[PDB]
Each structure stands twice: as C-alpha cells, then as structure tokens.
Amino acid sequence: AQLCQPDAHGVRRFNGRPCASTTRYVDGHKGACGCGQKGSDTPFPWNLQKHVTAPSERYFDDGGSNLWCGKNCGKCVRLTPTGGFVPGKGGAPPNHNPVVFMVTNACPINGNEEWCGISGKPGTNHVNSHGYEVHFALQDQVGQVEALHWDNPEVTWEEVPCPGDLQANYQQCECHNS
C-alpha cells in the first residue's frame, strides 16, 4: 500500500519528491506556535477549523527540540496524496487534490514514536518507523480532515508560500516574529 519507495538512504520518495506520512489529531490545545490569546491554553477558533498541522518535532523546529515557537511555525506545506497508505493504518483517499496546511503546532517525539519519532530534520535521511522523513498530524477538531476523506494518506510534501488568509491568521499568533 505504500507507493513511495525507499531511496538508497532509506527515505521514501515518489518520482523524486519526498513523501510524508499523515494522521489526524484533536486535542483542543492552543498549540506550540501560540495561535491563541497570550497566556491561556485557548486556540483561536480558526486554529481549530482550518487546514493546520502539527509536524513531527525535528521538522517543526528545523533540527532543534524547541516545542514553543519552533523555527517552522507559520510555514505552509502543500500535501498531495499519492494514493498510498501504511497497510492497516490508513486507506486510499477518494481523490488526490493537493491541500495546503499551515504549521501551528508540534508533534513531539515523546509519546508519538511510531509517526513522529524521527531523529533528524528533512535532508538528513532520518525516517520514522514507516520510512518517511517527516510526518504531518492534521488538525481535525471540526472534521475538516474527515471532510477530505483522508484516512492517514501517504503524500508528497513541499513548503509553499501560505495563502493570504492563513498568513493573516498567523500574524495574530504569539510566535509570529520570534
């Protein structure tokens, strides 16, 4: 079911492009980029509703271990389904429309070994237990991922400029300009 094949260094890729694994998550926290009012664990509603993600830790902080205002807070990633998935842990989505998600939170290694246990940032050939160099946990509090019918799809991933509405949202996060 995984369509991204490991390269000579173990990193799963699809027609050269790097792949990522995905999951859904819900937890109601403000999150590691400070996207809510300062000092309170209350996310702005948009950060529960939009296409936002908690990437695995080493991408979140560009190789570091900071779980507050990681270096990649506010970046956006375009995720494109390959049609693949990890057997027993996902399925094939109905279409392969790409979706852009903004980084507003972190998936720490601690307590997320299977998917987020990756010991180096992309570029360094470290992978999770399924062979991907990065993992994106996708916020699903209001069913925004369920609505895509994404059941942990395998994707190719790249950083892209954020759409204007997400850039404006990110400007009220506390980690904007740290």
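Numbers for residues come from their place in the sequence shown, where the first is 1.
Student: Quick one: higher average CA temperature factor, 63-71 or 142-150?
Tutor: Mean C-alpha B-factor is greater for 142-150.
Student: Could you tell me which one of 131, 55, 122, 39 shows the highest CA temperature factor in the PDB record?
Tutor: Answer, based on the entry's C-alpha B-factors: 39.
Student: Sort the modelled residues of this chain by their C-alpha B factor and say whether residue 169 lands in the lowest, middle or highest third.
Tutor: It belongs to the middle third of the chain when residues are ordered by C-alpha B-factor.
Student: Splitting the chain's C-alpha B-factors into thirds, which one does residue 95 fall into?
Tutor: Highest third of the chain for residue 95's C-alpha B-factor.
Student: Lowest, middle or highest third: which one holds residue 14 when the chain's residues are ordered by CA B-factor from the entry?
Tutor: CA B-factor rank for residue 14: middle third.
Student: What third of its chain's C-alpha B-factors does residue 26 belong to: lowest, middle or highest?
Tutor: Within its chain, residue 26 is a highest-third residue by C-alpha B-factor, going by the deposited values.
Student: Is residue 86 in the lowest, middle or highest third of its chain when residues are ranked by C-alpha B-factor?
Tutor: Highest third of the chain for residue 86's C-alpha B-factor.
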